[PDB]
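**Q** I have a structure here, written as structure tokens, and I will follow up with some questions on it.
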Amino acid sequence: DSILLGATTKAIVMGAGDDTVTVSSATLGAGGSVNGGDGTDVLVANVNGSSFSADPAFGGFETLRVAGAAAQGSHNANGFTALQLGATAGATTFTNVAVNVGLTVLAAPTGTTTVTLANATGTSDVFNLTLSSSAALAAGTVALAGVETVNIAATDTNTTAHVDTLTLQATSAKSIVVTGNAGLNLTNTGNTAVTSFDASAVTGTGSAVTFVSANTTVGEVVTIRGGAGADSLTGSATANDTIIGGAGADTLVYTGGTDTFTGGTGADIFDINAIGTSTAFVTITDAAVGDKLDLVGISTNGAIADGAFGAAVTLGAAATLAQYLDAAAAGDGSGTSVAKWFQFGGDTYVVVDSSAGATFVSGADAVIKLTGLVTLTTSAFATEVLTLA
Ligand SMILES: [Ca+2]
Ligand SMILES: [Ca+2]
Ligand SMILES: [Ca+2]
Ligand SMILES: [Ca+2]
Ligand SMILES: [Ca+2]
Ligand SMILES: [Ca+2]
Ligand SMILES: [Ca+2]
Ligand SMILES: [Ca+2]
Ligand SMILES: [Ca+2]
Ligand SMILES: [Ca+2]
Ligand SMILES: [Ca+2]
Ligand SMILES: [Ca+2]
């Protein structure tokens, strides 16, 4: 059953089953009560602040939802087992939130949604955020200070695919796990403790996940996992990122350091935006027919080949990696950068020469490793984009 109440004078009962009362005023009147009865019942606060647990006038409720044209401000979560959020008048804050209590956002709110837990002090703090809508949902900013694992469910209620959006502010989260069946473009700015982003369980044709690590710990191991969608995963220059797309047209971005890329099934694009060193470079584990290698961001001097540029550099039975690099960079890349490639020790390498001498210079010349023997003979350069043939 489901009603709206104001400053009621009478004893409202809701009976069994999953009921819903929306209140327009925080305290009742005369006397002046509302009992949710048996089952999981939602109380909707269309008000400037609440403390329903304290008032014995309200009883039998399990879920607190902040939604309505007057819904706003500070709300005492105490004694609720779940939380919900809808459209709001202004910034709304949940205080005294017990452990294993999750928030479900159901519609775009107004202003930053702050969650502050009963006790944030431990180092194993878990929060369950849910996004649940038929259409694309702009969840806005939710702040979760002191939480270490943030779980996000992105849920689509209908059969037709969409992508939700969220700014998360979770400055001590080490893990973010995304589940669900809709896409999530997640704004991640300033969430610098994050070393594991796992959206791998996500499900549709295009439940597309976007993520960019804000991590700046020098020499960190960061793990970034995409889902079934056409995902857009960027690491950190600071970090040794392991990035893995799922199914679908994934874009994996290189920024610096020792990175390990695996675009799974589908036409993946490995977008190389940094030069790297001779030790800190990107290894692409599963480069296959259809995958692309976007070298626009290493065209230091001009813009790459543009041909089908495809005869492997060949050296002797025991030529060294150092030798093959120097050999590949032999030409002049001062006015115009050039691509070459070779196969050493069972793996395939691609080079960009941006220099004078026949030394591969660690700084401005670039190497990219590809696990296995992959023949790039027949494969062609689009703009500065190599499509594997
Ligand atoms: Ca009930
Ligand atoms: Ca109560
Ligand atoms: Ca109940
Ligand atoms: Ca939908
Ligand atoms: Ca904590
Ligand atoms: Ca946090
Ligand atoms: Ca994917
Ligand atoms: Ca990196
Ligand atoms: Ca993929
Ligand atoms: Ca692929
Ligand atoms: Ca690029
Ligand atoms: Ca050179």
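Ordering of the structure tokens sets the chain letters (A, B, ...), residue numbers begin anew at 1 in every chain, and ligands are numbered from 1 in the order given.
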I'd like the neighbourhood of stretch 248-263 of chain A as a ChimeraX atom specification, where a residue qualifies if any of its atoms comes within 7 Å (using only C-alpha atoms), though same-chain residues fewer than 6 positions away should be ignored.
**A** /A:228-242,269-274,276,280-286
**Q** Give me, as a tab-separated table, the closest atom pair and its distance (Å, one decimal) for every residue of chain A within a cut-off of 6 Å of ligand 10, counting only C-alpha atoms and all ligand atoms, rows sorted by chain and rising number.
**A**
```
residue	atom	partner	partner_atom_place_in_ligand_line	distance
A:263	CA	ligand 10	1 (Ca)	5.0
A:264	CA	ligand 10	1 (Ca)	4.8
A:265	CA	ligand 10	1 (Ca)	4.3
A:266	CA	ligand 10	1 (Ca)	4.3
A:267	CA	ligand 10	1 (Ca)	5.0
A:268	CA	ligand 10	1 (Ca)	4.8
A:291	CA	ligand 10	1 (Ca)	5.3
```
**Q** I need the residues from that last selection saved to file as a tab-separated table (two decimals), in the first residue's frame (with C-alpha atoms), if you can.
**A**
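Contents of part.tsv, as written:
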```tsv
chain	number	residue	atom	x	y	z
A	263	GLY	CA	41.78	-6.21	-24.38
A	264	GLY	CA	39.74	-9.43	-24.41
A	265	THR	CA	37.43	-10.37	-27.25
A	266	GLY	CA	36.49	-7.61	-29.77
A	267	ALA	CA	38.12	-4.78	-31.74
A	268	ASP	CA	40.17	-3.26	-28.89
A	291	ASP	CA	42.75	-4.82	-32.55
```
**Q** Extract, using only C-alpha atoms, all DNA, RNA and protein residues at most 7 Å from stretch 82-91 of chain A, discarding same-chain residues fewer than 2 positions from it, and format them as a list in words.
**A**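 Once the nearby chain positions are removed, what remains is residues 62, 63, 64, 65, 66, 67, 68, 69, 70, 71, 72, 73, 80, 93, 101, 102, 103, 104, 105, 106, 107, 108, 109, 110, 111, 112 and 113 of chain A.
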**Q** Using only C-alpha atoms and all ligand atoms, which residues have at least one atom no more than 8 Å from ligand 3? Output them as number ranges by chain.
**A** A: 16, 18, 36-41, 59-62
**Q** I need the residue nearest residue A:215 from this list: A:142, A:319, A:184, A:193. Use only C-alpha atoms for the distance.
**A**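 When distances to residue A:215 are compared using only C-alpha atoms, the smallest one comes from A:193.
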**Q** Atom CA of residue A:42 to atom CA of residue A:135: how many Å, to one decimal?
**A**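 Pair atom CA of residue A:42 / atom CA of residue A:135 returns 22.3 Å.
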